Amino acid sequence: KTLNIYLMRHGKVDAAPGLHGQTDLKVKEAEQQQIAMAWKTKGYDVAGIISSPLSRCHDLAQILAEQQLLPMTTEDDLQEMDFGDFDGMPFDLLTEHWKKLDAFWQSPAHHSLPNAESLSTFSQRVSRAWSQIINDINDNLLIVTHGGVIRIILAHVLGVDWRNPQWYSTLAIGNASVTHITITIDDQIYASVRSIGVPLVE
């Protein structure tokens, strides 16, 4: 038997583009309905939802859960990166402040934004949660999470180095995008990425 994992990004955060980290950015009510109606009428088969604690994810997961009568939980390791000091700020307000994040994007191997989680810490807790999820899994699960989290999971499964800055620089995974990963279980565990970044609505 083979099982289906669907990683979904939360949807556009009704905000100026910035560092949408662990600050609780809220998306619109009608926006979550769009995504939920899309997911249902596209006919996705899932038997359990794992969510990020944050509202943009959780609020949608919740709507889906009582839409299709399914078990739902949150996992705190599947929050996006804590940026610390700059966390939640729009990019235009960071012109006023420090131009040091360009050295973070250039090489996140040796940069952390003063009060931030490092990529080292972030990829640790993401892959640690991922390895547990694939070992605990029966039937199909939806994971409502963030793009940065999905990127690490795809880096792990495809076996590309998490240190590579280009991977986060160039791999845009959109809002309300289901990225299909399939696991196949017999002796020891095997995973293959089907279709990544597939949109649902706008």
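Residue indices: 1-based, along the sequence shown.
Quiz prompt | Comparing 6 to 14 with 181 to 189, the one whose average Cα B-factor in the PDB entry is higher | solution = In the deposited entry, the stretch with the higher C-alpha B-factor mean is 181 to 189.
Quiz item: Looking at the entry, does 122 to 130 or 107 to 115 show the higher mean C-alpha B-factor?
Solution: The deposited B-factors put 107 to 115 ahead on the C-alpha mean.
Quiz item: Per the coordinate record, which of the options 55, 175, 51, 138 holds the highest CA temperature factor?
Solution: Result of the comparison over 55, 175, 51, 138: 138.
Exercise. Consider only the C-alpha atoms of the modelled residues in this chain, order them by B-factor as the entry records it, and name the third containing residue 151: lowest, middle or highest.
Key: It belongs to the lowest third of the chain when residues are ordered by C-alpha B-factor.
Quiz item: In terms of the CA temperature factor given in the entry, to which third of its chain does residue 162 belong: lowest, middle or highest?
Solution: For residue 162, the deposited C-alpha B-factor lands in the highest third.
Exercise. Comparing against every modelled residue in the chain, figure out the third that the C-alpha B-factor of residue 79 lands in (lowest, middle or highest).
Key: Tercile = middle for this residue's CA B-factor.
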